[PDB]
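Given next are the chains, with one letter for each unit.
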Amino acid sequence: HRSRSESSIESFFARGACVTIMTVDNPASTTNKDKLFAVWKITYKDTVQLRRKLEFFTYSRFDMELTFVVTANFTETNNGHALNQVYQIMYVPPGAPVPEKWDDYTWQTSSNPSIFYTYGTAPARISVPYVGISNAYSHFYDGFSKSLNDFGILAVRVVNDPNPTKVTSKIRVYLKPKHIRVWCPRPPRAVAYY
Amino acid sequence: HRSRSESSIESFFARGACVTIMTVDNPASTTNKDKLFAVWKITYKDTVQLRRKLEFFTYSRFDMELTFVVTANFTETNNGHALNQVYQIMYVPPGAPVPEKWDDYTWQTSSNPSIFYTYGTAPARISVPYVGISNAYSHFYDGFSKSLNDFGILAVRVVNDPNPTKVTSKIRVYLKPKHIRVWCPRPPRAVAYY
Amino acid sequence: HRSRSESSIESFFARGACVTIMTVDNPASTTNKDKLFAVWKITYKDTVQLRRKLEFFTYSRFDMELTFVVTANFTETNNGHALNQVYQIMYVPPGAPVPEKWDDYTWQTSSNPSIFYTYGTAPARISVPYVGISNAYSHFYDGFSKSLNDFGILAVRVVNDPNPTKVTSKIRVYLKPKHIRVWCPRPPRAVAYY
Amino acid sequence: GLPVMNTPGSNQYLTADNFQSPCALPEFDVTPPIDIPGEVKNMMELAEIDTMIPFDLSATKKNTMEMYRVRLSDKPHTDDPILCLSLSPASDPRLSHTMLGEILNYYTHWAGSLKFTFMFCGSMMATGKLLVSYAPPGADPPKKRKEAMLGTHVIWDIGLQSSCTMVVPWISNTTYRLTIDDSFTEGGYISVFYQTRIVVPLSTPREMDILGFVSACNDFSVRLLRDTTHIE
Amino acid sequence: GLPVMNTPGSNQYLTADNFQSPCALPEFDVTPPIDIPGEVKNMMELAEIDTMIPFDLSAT
Amino acid sequence: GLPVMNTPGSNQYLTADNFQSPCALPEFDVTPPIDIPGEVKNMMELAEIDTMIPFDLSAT
Amino acid sequence: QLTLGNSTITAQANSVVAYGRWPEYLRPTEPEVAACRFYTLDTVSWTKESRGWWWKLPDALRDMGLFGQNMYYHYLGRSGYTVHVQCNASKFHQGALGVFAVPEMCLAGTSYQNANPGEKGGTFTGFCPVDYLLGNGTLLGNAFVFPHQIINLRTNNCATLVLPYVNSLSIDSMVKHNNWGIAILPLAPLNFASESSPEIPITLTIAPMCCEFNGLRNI
């Protein structure tokens, strides 16, 4: 006897998949270039798989479950023995100021939640609730000004002070939409359109 | 008073035993050779002990309990102080595309489950349920096209970026079949036949 | 149907925000300069955001939830492989003697609570209860001697003995006032006054 | 106290677990849902919708609206099928785009009964008969009218009916048949034959059109997501 | 015994959680509140107060 | 809160334990068993079957 | 013969209530007969070459008297519809139309003058949206997911769609956002006996149901 409870919306969608690879680096003590804080606006329109799966429907209400996998490497033969990097991962909610410097107030501001991650431990994890003005996301908008739903931004930097090692790092972000509802089915877009 | 509850199917079979040693390596920054992602198709027909114990019966239904022991070593005298490797261990279910590159989409695909492992922590662990089209595995098939049950594949790579250390690694895979049932006993094959 | 339970006092105030960055360092074996134990008197009058949010009201009763994020770096190219630093973080209650040396008795005194932190683990954490003589803090005092409520002091040092590495460290302190009540609303001060 | 021993499989990120995660904004009043019409609970609810089959994928007619309709002329009628269609969805090129090939291209196993509706876009005056034959799996595509008539068929009198429906039953040894396996190429066929040439009065045009719709039945099901949607 | 498996999102400091923290002075008798008049429960209770509008923002 | 003290014998892989493991495919409807004849519960059920003795192991 | 106020159309293929939801009042105003007429848009002559026609709601009814002067002189507005297509053809014409009620119909081949034509409607092409993809980049075959109906000129000649109010917001400004979209596409091209009339008309007849407007803008 079969089930059919594997084609459910949550079962179809609630699959984690990398959405971006944010590159940062600990500046060398020579200060050749300042911190490369990585800022990425949360959007599903860069992953073909998630976007295509979401374009089967017009309106959706899905809660995000971001997760961060942190990796790093020395760029020089000399070890330098940099003590384990500490990464600040700040979730700038929708509408809040976007950081423009590695020392901007937005990092220290009270509103923006932040996670502190010591390279080596279990991956960081948050769960952005359904954050939207309307009562359901919209992937297709037939109106005009006077889609592009704002989920927020993620800004990641290295709290540690400069060290002469040039420790580059690449945070992979995995998004698992949970508690997802979808309305108004639509034709699926071809795989060449993206 | 004796028990007899040590010759039970689960007691006889539910013993972990290494089934493969997948070799990978972090490419050196010189990029002499790209990542050696290790891909291994799950099959019990390479371990004499498990195969022989399973050939006492015709049909079986056993759930797997894979576990991974990760070890690594520098190949050069210079330490290089590579930050703890992060290994992606992807379980490609039966029928899904088999990875052919260390940057193929299959690593980022939503369907294939994956584990992220930081060298040093407790061994990884999954439990592949009874994944098969038929209602019981078959070790002996008397039919013809128009056995070789597909359990899936395991593909392991190093997420970290290239570092000039040549950190080789060998993931040992231990398979413990649990919740195992067996039907239709057969003569045991000699130990020279394998 | 709306809530209004996001403009509550605790929701408005109970947000962590860095209040100071205490700099310490492990003295080199050459003993060029002794330990730079960092002493900071707990006061909200250095962060614009928290101060301004607290100046909407005259009297307040808020319990603190200090938290410490520890980072460090070698100042020299040679690693030296200093074993993980151990930091003593002593909370000198209000009125107790203020440490004046890295070997003063106040570190060993029984009254002052202290936390011992091994660089790498989860951030330290305490919760200073409502510590005040009066029945509510006062941000504006109309009287005269014969405001400036004393919350205590935080003194942090490196327990480890001198090592020839010059491992500098910067403890970021995050204060989250919890169980906060406020009375007597007042006009908000402009953002240029601080 | 209460000592705890960590086990193997800790400090890991298995991308299939549901362990609770800490809310980033725990003091947020989310906008409530407003009960928009048209909610989908299972992706199978999209399969059941009768989409259209691109019968003619010819190099010229393809990429246009000419692919979906088959022309029933009134000339040779050489006792060969008007259209023969394989009953293996997600593998048949002409049946793997109909919202069953778009849902079964995300899964690996499928097990259900299909439903083919043939609609006749001709004039009320046109009269005749057609023969819809279903060769079960393991058979061969019938290639003459008599053989199709000897099997499981329905005679479709276009004169007094405009649409003929045929529910292919679910017959298989396993509980789930692999979606895309090139070894199993005998999944059964559904073919349409000219029982009788078309008869039309006066100058009514000879050329006519027939449309096909393939839908899942109420007992359809899929399993084991695949999600092979790459880009590069 | 009672084995426990740590999950992703551990050993981290999310500045939105309410996990209990250890009191620094667990043997302290805090001064009780004395019910001062004029308590504010929600910041909206400050909005409802009719403040004044600066209609003329001219340079002078 | 609820402090927990890890014990000796943690972060280890004893190949005899039954600690629960996380399912790799937690949304999979496994094919049910169909009650095939000839199930074996204990390996002793194979011993009880009267097999044959090779009395003469001579080289030829 | 219908009974909605001043206008009455003689209608003898049953109603296809989109998504199984009838248009219902929000739980404003109540225009009653002020706008709930049967606004019979202009007819479009289906021929052997025409590829399609696309209208958008409520943009189509932007000049229809009271409804047009109520959706434009308000701020919030919600309303279902009862779109009704009739293709008057004789027994010697053969063909088939598909009427699709495309919610959030984004015909991205986009200036507001191109995606909001109004009473004129539009015309697909083989502004030239591609009929093959329905103008949405997606194969026409799948288009049957949209709440639709088929007008086959040997079984019926009229199709009724009862469109409810489908929008992310419980009530939205009718002058900026087009909730629905009616796309009429020839599935099987028109053909006819010799000397018969070569172009058969198609008439839409939109009947706003349960319309509610909130706000006002003087004048």
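Preceding block: the structure.
First, a word on what this report is: a plain description of the structure on this page. (Residues numbered from 1 in each chain as written, not as in the entry; some residues may be left out. Chains lettered and ligands numbered in written order. Part of a larger assembly, values for the part shown. Heavy atoms only, no water.)

Brief notes about the overall build of chain G
Which entries qualify depends on this criterion: A helix here means a DSSP run of H or I that spans at least four residues, while a strand means a run of E at least two residues long, and both kinds are numbered starting from the N terminus. Using C-alpha atoms as the atom set, the radius of gyration is obtained and then compared with a globule rule of 2.2 Å times the number of residues to the power 0.38. Residue exposure (1.4 Å probe, protein chains only): buried if accessible area is under 20% of the type maximum, exposed if over 50%, otherwise partly exposed. Areas reported here follow the Shrake-Rupley algorithm with a probe of radius 1.4 Å; residue values treat only the protein chains shown as occluding.
Secondary structure assignment for chain G yields two helices and twelve strands. For chain G, the α and β elements follow one another from N to C terminus as β-β-β-β-α-β-β-β-α-β-β-β-β-β. Relative to its length of 219 residues, chain G is compact, with a C-alpha radius of gyration of 17 Å against a globular reference of 17 Å. Across its three principal directions, the C-alpha atoms of chain G cover 55 × 40 × 30 Å. Each of the 219 residues in chain G was classed as buried or not, and the buried ones make up 61%. Taken as a whole, chain G presents about 8600 Å² of accessible surface, with 52% of it coming from carbon and sulfur.

Some remarks on a nonpolar patch on the surface
Here is the rule: Two joining distances apply to patches: 9 Å for like charges and 5 Å for nonpolar side chains (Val, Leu, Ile, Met, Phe, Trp, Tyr), and every residue must have over 30% relative accessible area and no salt bridge. Salt bridge, as used here: a side-chain nitrogen of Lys or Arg that lies within 4 Å of a carboxyl oxygen of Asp or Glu.
Together, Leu-2 of chain D, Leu-2 and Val-4 of chain E together with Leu-2 and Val-4 of chain F give the surface a local cluster of nonpolar side chains, amounting to about 480 Å² of exposed area. Among the structural elements, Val-4 of chain F can be located in the segment before α1 (44–47). You can call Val-4 of chain F partly exposed: its relative accessible area is 44%.

Considering the sheet that holds strand β1 (residues 17–25) of chain C
All names here are of chain C. Here is the rule we go by: Two strands pair if DSSP finds at least two bridges between them.
Taking strand neighbours across the sheet as the criterion, the four strands line up as β1-β10-β4-β7 in an open arrangement whose pairing is antiparallel. Two strands close off the open sheet at either side, each with one partner strand: β1 and β7 (124–125). Both β1 and strand β10 (residues 168–175) contribute to a ladder of eight bridges, which runs antiparallel. The residue of β10 that forms the bridge with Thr-20 is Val-173.

Some words on the state of the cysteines
All names here are of chain G. For clarity, the cut-off: Only a pair of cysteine sulfur atoms within 2.5 Å counts as a disulfide in this structure description.
Under the defined criterion, the tally for this structure stands at zero disulfides over all chains. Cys-87 takes part in no disulfide bond, and the closest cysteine sulfur, belonging to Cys-158, lies 11 Å away. The class for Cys-87 is buried, based on a relative accessible area of 0%.

Here's the deal with the environment of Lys-45 of chain B
All names here are of chain B. Applied cut-off: In what follows, a contact means two residues having at least one pair of non-hydrogen atoms within 4.5 Å.
Relative to the assigned elements, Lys-45 resides in the loop between β2 (38–41) and α2 (48–54). For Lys-45, a relative accessible area of 27% gives the class partly exposed. Distance from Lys-45 to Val-19, taken between C-alpha atoms, is 9.2 Å for residues 26 residues apart in sequence. Residues within four places of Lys-45 in sequence aside, it is in contact with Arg-51, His-139, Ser-147 and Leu-148.

Some thoughts on the interface of chain E and chain D
Quick reminder of the rule: Two parts placed together each lose some accessible area under a 1.4 Å probe, and the buried area is that loss summed for both. N or O atoms within 3.5 Å of each other form a polar contact, as long as, within protein, one can give a hydrogen and the other can take it, and as long as residues adjacent in sequence are counted only when both atoms are side-chain atoms. Nonpolar residues are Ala, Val, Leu, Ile, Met, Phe, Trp, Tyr, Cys and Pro. Charged residues are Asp, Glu, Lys and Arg, and all others, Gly as well, are polar.
Each partner contributes to the interface: chain E provides eleven residues, whereas chain D provides 18 residues. Approximately 1200 Å² of surface area, both sides summed, lies buried where chain E meets chain D, with 64% of it carried by carbon and sulfur atoms. Considering only the surface of chain E that becomes buried against chain D, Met-5, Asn-6 and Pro-8 of chain E emerge as the three largest contributors, covering 37% of it. Between chain E and chain D we count zero salt bridges in total. Remark: the boundary between chain E and chain D carries two residue pairs in polar contact. Among the residues making up the side of chain E that touches chain D, the classes are represented as seven nonpolar, four polar and no charged.

Thoughts on the pattern of salt bridges
Tallying each qualifying case throughout the model produces 33 salt bridges over all chains. Between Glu-65 of chain A and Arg-125 of chain A there is a salt bridge; the shortest N-O distance is 2.8 Å. One end of the pair, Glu-65 of chain A, is in the loop between β3 (57–63) and β4 (67–73); the other, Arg-125 of chain A, is in strand β7 (residues 124–125), and 60 residues separate them in sequence. With its nearest N and O atoms 3.8 Å apart, the salt bridge here joins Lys-41 of chain D to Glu-39 of chain D. Salt bridges here are not isolated pairs; linked through shared partners, they connect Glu-65, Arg-125 and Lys-176 of chain A.

Thoughts on the arrangement of the chains
Contacts are most numerous between chains A and D, considering all 15 pairs of chains that are in contact. Between chain C and chain F there is no contact, and the shortest C-alpha to C-alpha distance separating them is 12 Å. Taking C-alpha atoms as the reference, chain F and chain G come no closer than 26 Å and do not contact one another.

Re the environment of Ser-60 of chain B
Residue and element names in this part refer to chain B. Residue position: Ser-60 is located in strand β3 (residues 57–63). A residue is classified by how much of its surface remains accessible, and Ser-60, at 0% relative accessible area, is buried. Separated by 53 residues in sequence, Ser-60 and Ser-7 have C-alpha atoms that sit 17 Å apart. Polar side-chain contacts of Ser-60 include one of 2.5 Å to the side chain of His-139.

Considering the environment of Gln-1 of chain G
Residue and element names in this part refer to chain G. Relative to the helices and strands, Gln-1 resides in the segment before β1 (16–17). Separated by eleven residues in the primary sequence, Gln-1 and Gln-12 have C-alpha atoms spaced 8.0 Å apart. What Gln-1 contacts, discounting residues up to four positions off in sequence, is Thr-8, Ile-9, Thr-10 and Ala-11. Within polar-contact distance, the side chain of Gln-1 engages the side chain of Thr-10 at 3.1 Å.

Some points on the interface of chain D and chain A
Contacts between chain D and chain A engage 49 residues on the former and 46 residues on the latter. Across the interface of chain D and chain A, roughly 4300 Å² is buried in total on both sides, 58% from carbon and sulfur atoms. Taken together, the connections running from chain D to chain A amount to four salt bridges. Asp-219 of chain D is the partner of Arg-2 of chain A in a salt bridge, and the nearest nitrogen-oxygen pair spans 3.4 Å. Inspection of the chain D/chain A interface yields 21 residue pairs in polar contact.

As for the side chain of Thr-67 of chain C
Looking at the element boundaries, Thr-67 of chain C is found in strand β4 (residues 67–73). Taking relative accessible area as the criterion, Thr-67 of chain C reaches 0% and is therefore assigned buried. A polar contact is formed between the side chain of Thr-67 of chain C and the side chain of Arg-125 of chain C, at a distance of 3.0 Å. Contact partners of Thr-67 of chain C, with chain neighbours within four places excluded, come to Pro-123, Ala-124, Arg-125, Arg-172, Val-173 and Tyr-174 of chain C together with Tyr-13 of chain E.

Re the pairing of strand β5 (residues 114–121) of chain D
Sheet faces and side chains relate simply in a regular strand, where the side chains alternate between the two faces. Residues and elements named next belong to chain D. Among the eight residues of β5, seven are classified as buried, and the element is accordingly described as predominantly covered. Where β5 lies against strand β11 (residues 209–216), eight bridges are found, and the strand directions are antiparallel. Its bridge partner lying in β11, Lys-115 is registered against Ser-215. Examined bridge by bridge, β5 and strand β8 (residues 163–166) share four bridges and lie antiparallel to one another. Residue pairing across strands places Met-119 opposite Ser-163, the latter belonging to β8.

Focus: the nonpolar core
Burial of nonpolar side chains together is a common tendency in soluble globular proteins. Short version of the rule: Here, nonpolar core means buried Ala, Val, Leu, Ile, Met, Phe, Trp, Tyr and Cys residues that are tied together by side-chain atoms lying within 4.5 Å of each other.
If you look at the biggest cluster of nonpolar residues, it comprises 126 residues, and the most contacted ones within it are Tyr-87 of chain A, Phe-116 and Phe-118 of chain D together with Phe-100 of chain G. At six residues, β5 of chain D tops the list of elements feeding residues into this core. One finds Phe-116 of chain A together with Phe-13, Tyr-44 and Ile-126 of chain C within the second-largest nonpolar core, a separate group that totals 56 residues.

Observations regarding the sheet that holds strand β6 (residues 127–135) of chain D
Residues and elements named next belong to chain D. Note the cut-off: Fitting a line to C-alpha atoms yields each axis, with helices limited to the stretch in contact; the angle taken between N-to-C directions then spans 0 to 180 degrees.
Strand order in this open sheet of four strands is β3-β10-β6-β7, and the pairing throughout is antiparallel. Bordering the open sheet on either side are β3 (83–86) and β7 (152–156), each of which pairs with just one other strand. Between one strand axis and the next, the sheet turns through 15 degrees on average, direction left out of account. Pairing of β6 with strand β10 (residues 189–199), which is carried by eight bridges, proceeds in the antiparallel orientation.

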